[PDB]
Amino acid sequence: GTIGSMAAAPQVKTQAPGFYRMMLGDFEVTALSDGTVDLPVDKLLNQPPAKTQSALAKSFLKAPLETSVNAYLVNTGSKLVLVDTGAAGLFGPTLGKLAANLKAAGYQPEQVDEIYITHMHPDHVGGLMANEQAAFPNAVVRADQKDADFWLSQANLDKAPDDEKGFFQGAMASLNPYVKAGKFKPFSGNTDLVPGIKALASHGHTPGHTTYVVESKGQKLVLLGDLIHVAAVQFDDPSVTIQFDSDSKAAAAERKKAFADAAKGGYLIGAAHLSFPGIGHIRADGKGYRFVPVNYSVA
């Protein structure tokens, strides 16, 4: 210890760098942490708090629930693509770790060729911008036209209630460097993006919410964005929606489709708000689903 064996070295406390490497056929996937943030999931989920409390207890959890914010880097061998970008400073002092974690993972933001945005919530697009400038100076940003039409519209910002105006302001501030520079390239619905990566519409959580399907050599990873927020509730009961959903009915429907398809297909998913790295399989489990986190692997 510091003093004989009577006093240990001080506790270091800090977490390991938030990146996780996973091969997927010929492709290299790097899950990137933006950090975590506590969520009042009792208030946010669209069911009685008592039910949320019972469900959290089953999983040895309590509200407020420390919730991951993840993004996913894909190096296809010919392109470097990033799926989502975290919050930068749009959502409190515990997020915005992605820039540091990308560097820790061995890449620089100049190397990113394209960025695919699941949806234009602040915890997905915030990381696009630092000091009025593009954080990724060479990237083309792609998102669904229905999200661009909704979140980048001054009319919508103007009629939004005061506590929602921030989400539009954040989207505009985040996507503007790219739009001005001719590096925002929308798509409409299901779209081939770069070989091995496709946009799959999963509209509901937002109007243009998009899933990204990544596949190489028979190995498939479906990046689901915000089709789930609270694993301890919404695997067992996928019908439970959340206040953050623009269209709760559509959001539930999309989640159920995605879970059913993953169960049937036996492929990996990655989800922005599953515990970091947020990657795993899904199996059916009666009326709900069971998440099977990916086995730890090292090259």
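Each residue number is its position in the shown sequence, starting from 1.
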(request) Can you let me know which of the two, 119 to 127 or 84 to 92, has the higher average C-alpha B-factor in the entry? (result) 84 to 92
(request) Take the C-alpha B-factors listed in the entry for 251 to 259 and for 58 to 66, compute each mean, and give the stretch with the larger one. (result) 58 to 66
(message) So if I compare the CA B-factors in the entry for 205, 229, 142, 165, which one is the largest?
(response) 165
(request) Quick one: which of 74, 160, 98, 224 shows the highest Cα temperature factor in the PDB entry? (result) 160
(request) Would you mind ranking residue 34 by its C-alpha B-factor against the rest of the chain and naming the third, lowest, middle or highest? (result) lowest
(request) Place residue 12 in the lowest, middle or highest third of its chain's C-alpha B-factors, as listed in the PDB entry. (result) lowest
(request) Would you please rank residue 146 by its C-alpha temperature factor against the other modelled residues of its chain and give the third it falls in: lowest, middle or highest? (result) middle
(request) Would you check the entry's CA temperature factor for residue 201 and let me know if it's in the chain's lowest, middle or highest third? (result) lowest
(message) Based on the deposited C-alpha B factors for this chain, I'd like to know if residue 284 is in the lowest, middle or highest third.
(response) highest
